[PDB]
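Here the structure comes first, spelled out in structure tokens, and everything after it is commentary.
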Amino acid sequence: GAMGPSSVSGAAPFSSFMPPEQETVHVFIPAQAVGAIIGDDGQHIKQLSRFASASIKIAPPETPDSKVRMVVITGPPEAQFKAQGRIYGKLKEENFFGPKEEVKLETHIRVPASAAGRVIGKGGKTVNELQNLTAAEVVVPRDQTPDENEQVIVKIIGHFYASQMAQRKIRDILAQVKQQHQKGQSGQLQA
RNA sequence: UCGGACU
């Protein structure tokens with residue numbers, strides 16, 4: 001029986017992150033490409049937000065290990081495709097990634113912690129089909145604790161069109177999981 | 001339908 005208040009939790013002065021309005025993708029481009037993207041008087045990002053109909057932020061350093069920086073691509077399926085096309089377009093013009101190859105940028109999208117095997121599929125068939133046929137590769141970290149929403153990240157490395165078919169096959173399987181999570185009882189079912 | 005890919 002409850003008598004006194006148990007667990008409240010407010011704001012943490014240790015870690016603070018601003019949540020966007022609509023749905024969000026987080027696109028990992030080179031830290032040698034932020035000077036590219038923010039570079040034009042700091043007006044190319046203020047450009048992509050008006051231009052791509054989307055809501056673009058730049059994010060701080062991930063880690064010393066990460067030579068990228070994360071771009072906040074918020075907005076509809078139309079405005080999301082319009083903005084990322086530019087960030088893939090800019091590495092396409094400069095080839096910041098690796099002169100010998102073509103654009104292969106990392107995508108972070110929050111997905112449910114016990115649904116991280118849904119995005120990878122049957123053992124590694126969604127990672128195998130995406131890597132080989134799509135060149136966009138699904139990644140889910142080892143020392144991975146979930147977020148607030150009980151959500152973990154997955155990291156695709158592909159082109160604009162490759163991360164396109166990969167990101168969408170992910171949010172669909174993750175939908176079909178959300179279908180099996182909400183919907184359970186169907187028909188009559190005998191014991 | 002779906003379970004941990006990555007050396």
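Letters A, B, ... go to the chains of the structure tokens in the order shown; residues in each chain start at 1; ligands are counted from 1 in the same order.
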For a quick test of understanding: name the residues of chain A lying within 10 Å of chain B when counting only C-alpha atoms (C1' of nucleotides), and present them as a list in words. residues 114, 115, 116, 117, 118, 119, 120, 121, 122, 123, 124, 125, 126, 127, 128, 137, 138, 139, 140, 141, 142, 173, 174, 176, 177 and 180 of chain A
Resulting file, chosen residues, C-alpha atoms, as a PDB file, in the first residue's frame:
```
ATOM      1  CA  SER A 114      13.647  -4.633 -27.887  1.00  0.00           C
ATOM      2  CA  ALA A 115      12.992  -3.790 -31.578  1.00  0.00           C
ATOM      3  CA  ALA A 116      16.716  -3.337 -32.491  1.00  0.00           C
ATOM      4  CA  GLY A 117      16.666  -6.945 -33.812  1.00  0.00           C
ATOM      5  CA  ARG A 118      13.643  -5.977 -36.024  1.00  0.00           C
ATOM      6  CA  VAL A 119      15.742  -3.396 -37.933  1.00  0.00           C
ATOM      7  CA  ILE A 120      18.479  -6.057 -38.408  1.00  0.00           C
ATOM      8  CA  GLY A 121      15.761  -8.744 -39.081  1.00  0.00           C
ATOM      9  CA  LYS A 122      16.356 -12.568 -39.075  1.00  0.00           C
ATOM     10  CA  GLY A 123      19.816 -12.715 -37.353  1.00  0.00           C
ATOM     11  CA  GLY A 124      21.391 -10.463 -39.990  1.00  0.00           C
ATOM     12  CA  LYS A 125      19.313 -10.684 -43.204  1.00  0.00           C
ATOM     13  CA  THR A 126      18.151  -6.986 -43.147  1.00  0.00           C
ATOM     14  CA  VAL A 127      21.849  -5.906 -42.548  1.00  0.00           C
ATOM     15  CA  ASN A 128      22.997  -8.419 -45.287  1.00  0.00           C
ATOM     16  CA  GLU A 137      24.385  -0.849 -43.814  1.00  0.00           C
ATOM     17  CA  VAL A 138      22.423  -1.238 -40.552  1.00  0.00           C
ATOM     18  CA  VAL A 139      24.390  -0.907 -37.293  1.00  0.00           C
ATOM     19  CA  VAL A 140      23.206  -1.318 -33.615  1.00  0.00           C
ATOM     20  CA  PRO A 141      26.064  -0.563 -30.890  1.00  0.00           C
ATOM     21  CA  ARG A 142      27.331  -3.194 -28.382  1.00  0.00           C
ATOM     22  CA  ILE A 173       9.481  -3.281 -39.777  1.00  0.00           C
ATOM     23  CA  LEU A 174       9.421  -1.070 -36.629  1.00  0.00           C
ATOM     24  CA  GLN A 176       5.000  -3.973 -38.060  1.00  0.00           C
ATOM     25  CA  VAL A 177       6.452  -4.531 -34.544  1.00  0.00           C
ATOM     26  CA  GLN A 180       2.205  -6.857 -33.058  1.00  0.00           C
TER      27      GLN A 180
END
```
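Neighbouring residues of region 36-45 of chain A at 9 Å or closer, counting only C-alpha atoms (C1' of nucleotides) and skipping chain neighbours under 2 positions away, are residues 31, 32, 33, 34, 47, 48, 49, 50, 56, 57, 58, 87, 90, 91 and 94 of chain A.
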Would you save the residues from that selection as a compact mmCIF listing (two decimals), in the first residue's frame, using N, CA and C atoms?
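Ended up saving to out-v9.txt:
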```
# COMPACT_ATOMS: atom_id res chain seq x y z
N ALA A 31 32.89 16.08 -39.60
CA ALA A 31 33.35 17.30 -38.88
C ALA A 31 34.25 18.23 -39.76
N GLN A 32 34.76 17.65 -40.87
CA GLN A 32 35.40 18.34 -41.95
C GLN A 32 34.33 18.86 -42.97
N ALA A 33 33.04 18.75 -42.60
CA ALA A 33 31.94 19.11 -43.48
C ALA A 33 30.96 20.04 -42.78
N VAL A 34 31.15 20.28 -41.46
CA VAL A 34 30.37 21.29 -40.71
C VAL A 34 30.76 22.72 -41.05
N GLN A 47 19.52 28.20 -44.80
CA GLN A 47 19.08 27.98 -46.18
C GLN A 47 18.29 26.65 -46.30
N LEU A 48 18.91 25.50 -45.88
CA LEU A 48 18.31 24.16 -45.93
C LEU A 48 16.99 24.01 -45.18
N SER A 49 16.83 24.81 -44.13
CA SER A 49 15.59 24.84 -43.31
C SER A 49 14.41 25.49 -44.07
N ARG A 50 14.72 26.57 -44.82
CA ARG A 50 13.75 27.26 -45.70
C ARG A 50 13.56 26.54 -47.03
N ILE A 56 16.36 22.26 -39.57
CA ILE A 56 17.76 21.82 -39.51
C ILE A 56 18.45 22.48 -38.29
N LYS A 57 19.10 21.66 -37.45
CA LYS A 57 20.06 22.10 -36.43
C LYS A 57 21.41 21.38 -36.65
N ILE A 58 22.55 22.00 -36.27
CA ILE A 58 23.80 21.25 -36.06
C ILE A 58 23.99 20.92 -34.58
N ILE A 87 23.00 17.38 -48.11
CA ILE A 87 24.13 17.02 -47.25
C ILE A 87 24.98 15.91 -47.94
N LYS A 90 26.60 17.85 -50.88
CA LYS A 90 27.76 18.64 -50.55
C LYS A 90 29.04 17.80 -50.43
N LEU A 91 28.95 16.60 -49.81
CA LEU A 91 30.00 15.58 -49.87
C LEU A 91 30.24 15.04 -51.27
N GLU A 94 32.44 17.96 -52.75
CA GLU A 94 33.76 18.12 -52.14
C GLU A 94 34.52 16.83 -51.94
```
As a count of residues only, please: all residues of chain A that backbone DSSP puts in helix (DSSP H, G or I). 70
Please identify which residues in chain A DSSP calls strand (DSSP E) from the backbone, and express them as a ChimeraX atom specification. /A:24-30,55-58,68-74,105-112,151-158
Can you write just those residues out, N, CA, C and O atoms, as a compact mmCIF listing (two decimals), in the first residue's frame?
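So again_14.txt came out as:
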```txt
# COMPACT_ATOMS: atom_id res chain seq x y z
N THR A 24 11.97 13.23 -36.67
CA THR A 24 13.36 13.64 -36.78
C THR A 24 14.23 12.52 -37.38
O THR A 24 14.02 11.34 -37.06
N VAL A 25 15.17 12.92 -38.25
CA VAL A 25 16.33 12.09 -38.57
C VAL A 25 17.58 12.87 -38.14
O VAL A 25 17.57 14.11 -38.09
N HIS A 26 18.64 12.10 -37.85
CA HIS A 26 19.91 12.64 -37.40
C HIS A 26 21.00 12.11 -38.31
O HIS A 26 21.30 10.91 -38.30
N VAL A 27 21.56 13.03 -39.10
CA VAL A 27 22.47 12.68 -40.17
C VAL A 27 23.90 13.09 -39.87
O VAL A 27 24.22 14.28 -39.69
N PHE A 28 24.72 12.06 -39.83
CA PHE A 28 26.13 12.15 -39.50
C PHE A 28 26.97 12.32 -40.73
O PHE A 28 27.19 11.39 -41.53
N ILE A 29 27.40 13.56 -40.85
CA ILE A 29 28.30 14.03 -41.88
C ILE A 29 29.66 14.37 -41.27
O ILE A 29 29.72 14.60 -40.05
N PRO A 30 30.81 14.45 -42.07
CA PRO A 30 32.15 14.80 -41.52
C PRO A 30 32.18 16.11 -40.74
O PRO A 30 31.53 17.09 -41.12
N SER A 55 13.37 21.45 -40.69
CA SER A 55 13.94 22.12 -39.52
C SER A 55 15.31 21.52 -39.16
O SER A 55 15.42 20.43 -38.57
N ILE A 56 16.36 22.26 -39.57
CA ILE A 56 17.76 21.82 -39.51
C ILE A 56 18.45 22.48 -38.29
O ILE A 56 18.34 23.70 -38.10
N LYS A 57 19.10 21.66 -37.45
CA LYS A 57 20.06 22.10 -36.43
C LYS A 57 21.41 21.38 -36.65
O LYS A 57 21.41 20.29 -37.22
N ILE A 58 22.55 22.00 -36.27
CA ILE A 58 23.80 21.25 -36.06
C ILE A 58 23.99 20.92 -34.58
O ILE A 58 23.67 21.71 -33.69
N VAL A 68 32.87 13.01 -37.11
CA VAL A 68 31.66 13.58 -37.66
C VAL A 68 30.96 14.52 -36.68
O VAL A 68 31.37 14.66 -35.52
N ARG A 69 29.90 15.16 -37.19
CA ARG A 69 28.95 15.94 -36.41
C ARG A 69 27.56 15.64 -36.95
O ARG A 69 27.40 15.37 -38.15
N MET A 70 26.58 15.71 -36.05
CA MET A 70 25.24 15.26 -36.31
C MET A 70 24.36 16.46 -36.73
O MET A 70 24.39 17.51 -36.07
N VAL A 71 23.62 16.28 -37.84
CA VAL A 71 22.67 17.28 -38.34
C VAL A 71 21.26 16.83 -37.98
O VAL A 71 20.89 15.67 -38.21
N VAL A 72 20.51 17.77 -37.42
CA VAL A 72 19.13 17.59 -36.99
C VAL A 72 18.21 17.88 -38.20
O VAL A 72 17.94 19.05 -38.51
N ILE A 73 17.78 16.80 -38.86
CA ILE A 73 16.83 16.89 -39.96
C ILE A 73 15.43 16.48 -39.48
O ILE A 73 15.08 15.30 -39.51
N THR A 74 14.67 17.50 -39.09
CA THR A 74 13.26 17.36 -38.74
C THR A 74 12.39 17.81 -39.91
O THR A 74 12.78 18.68 -40.70
N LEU A 105 27.31 8.37 -45.74
CA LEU A 105 27.06 9.06 -44.50
C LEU A 105 26.19 8.27 -43.54
O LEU A 105 25.25 7.57 -43.95
N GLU A 106 26.53 8.41 -42.26
CA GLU A 106 25.92 7.66 -41.14
C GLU A 106 24.58 8.31 -40.72
O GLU A 106 24.49 9.53 -40.63
N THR A 107 23.56 7.46 -40.50
CA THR A 107 22.21 7.90 -40.06
C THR A 107 21.88 7.30 -38.69
O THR A 107 21.92 6.07 -38.52
N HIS A 108 21.56 8.20 -37.74
CA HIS A 108 21.07 7.82 -36.42
C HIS A 108 19.58 8.07 -36.34
O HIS A 108 19.12 9.22 -36.55
N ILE A 109 18.82 6.99 -36.09
CA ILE A 109 17.38 7.08 -35.83
C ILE A 109 16.94 6.20 -34.68
O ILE A 109 17.22 5.00 -34.66
N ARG A 110 16.25 6.84 -33.71
CA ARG A 110 15.78 6.20 -32.47
C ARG A 110 14.64 5.26 -32.71
O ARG A 110 13.60 5.61 -33.30
N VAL A 111 14.86 4.06 -32.23
CA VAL A 111 14.00 2.91 -32.46
C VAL A 111 13.83 2.18 -31.09
O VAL A 111 14.68 2.39 -30.23
N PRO A 112 12.79 1.29 -30.86
CA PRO A 112 12.56 0.70 -29.53
C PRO A 112 13.58 -0.38 -29.22
O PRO A 112 13.90 -1.22 -30.06
N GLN A 151 14.46 3.36 -26.17
CA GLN A 151 14.87 3.44 -27.53
C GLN A 151 16.35 3.54 -27.66
O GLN A 151 17.04 4.28 -26.96
N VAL A 152 16.76 2.77 -28.61
CA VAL A 152 18.13 2.66 -29.06
C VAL A 152 18.28 3.20 -30.48
O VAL A 152 17.28 3.39 -31.19
N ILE A 153 19.53 3.42 -30.87
CA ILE A 153 19.87 4.00 -32.16
C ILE A 153 20.39 2.90 -33.09
O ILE A 153 20.87 1.85 -32.63
N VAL A 154 20.26 3.19 -34.37
CA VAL A 154 20.80 2.39 -35.44
C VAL A 154 21.44 3.34 -36.46
O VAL A 154 20.91 4.43 -36.76
N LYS A 155 22.57 2.87 -36.94
CA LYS A 155 23.49 3.66 -37.77
C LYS A 155 23.66 3.01 -39.14
O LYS A 155 24.27 1.94 -39.28
N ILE A 156 23.04 3.64 -40.13
CA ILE A 156 23.15 3.28 -41.55
C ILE A 156 24.29 4.08 -42.17
O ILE A 156 24.42 5.28 -41.91
N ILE A 157 25.08 3.39 -43.00
CA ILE A 157 26.11 4.03 -43.83
C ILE A 157 25.86 3.62 -45.28
O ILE A 157 26.05 2.46 -45.67
N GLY A 158 25.44 4.63 -46.04
CA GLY A 158 25.12 4.48 -47.45
C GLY A 158 25.12 5.82 -48.16
O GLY A 158 25.61 6.81 -47.61
```
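A straight line drawn from CA of residue 172 (chain A) to CA of residue 143 (chain A) is 25.5 Å long.
The interatomic distance for the pair CA of residue 162 (chain A) and CA of residue 134 (chain A) works out to 5.4 Å.
The protein and nucleic acid residues lying at most 10 Å from residue 76 (chain A) are residues 22, 23, 24, 53, 54, 55 and 82 of chain A, with only C-alpha atoms (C1' of nucleotides) considered and sequence neighbours fewer than 6 positions away removed.
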Go ahead and save the residues from that selection, with N, CA, C and O atoms, as a compact mmCIF listing (two decimals), in the first residue's frame.
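Result file is out-v6.txt:
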```txt
# COMPACT_ATOMS: atom_id res chain seq x y z
N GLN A 22 8.33 18.10 -34.87
CA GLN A 22 7.81 17.00 -35.69
C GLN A 22 8.71 15.74 -35.51
O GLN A 22 9.46 15.68 -34.53
N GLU A 23 8.64 14.74 -36.44
CA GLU A 23 9.56 13.60 -36.49
C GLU A 23 10.96 14.05 -36.96
O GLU A 23 11.09 15.10 -37.60
N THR A 24 11.97 13.23 -36.67
CA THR A 24 13.36 13.64 -36.78
C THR A 24 14.23 12.52 -37.38
O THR A 24 14.02 11.34 -37.06
N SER A 53 12.15 22.78 -46.71
CA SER A 53 10.86 22.84 -45.92
C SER A 53 10.96 22.21 -44.51
O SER A 53 9.96 22.11 -43.77
N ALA A 54 12.18 21.85 -44.17
CA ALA A 54 12.53 21.13 -42.95
C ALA A 54 13.15 22.04 -41.88
O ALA A 54 13.40 23.22 -42.13
N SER A 55 13.37 21.45 -40.69
CA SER A 55 13.94 22.12 -39.52
C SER A 55 15.31 21.52 -39.16
O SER A 55 15.42 20.43 -38.57
N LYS A 82 14.41 16.28 -48.95
CA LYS A 82 14.90 17.51 -49.60
C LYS A 82 16.19 18.03 -48.96
O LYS A 82 17.11 18.46 -49.66
```
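The space separating CA of residue 136 (chain A) from CA of residue 75 (chain A) comes to 21.9 Å.
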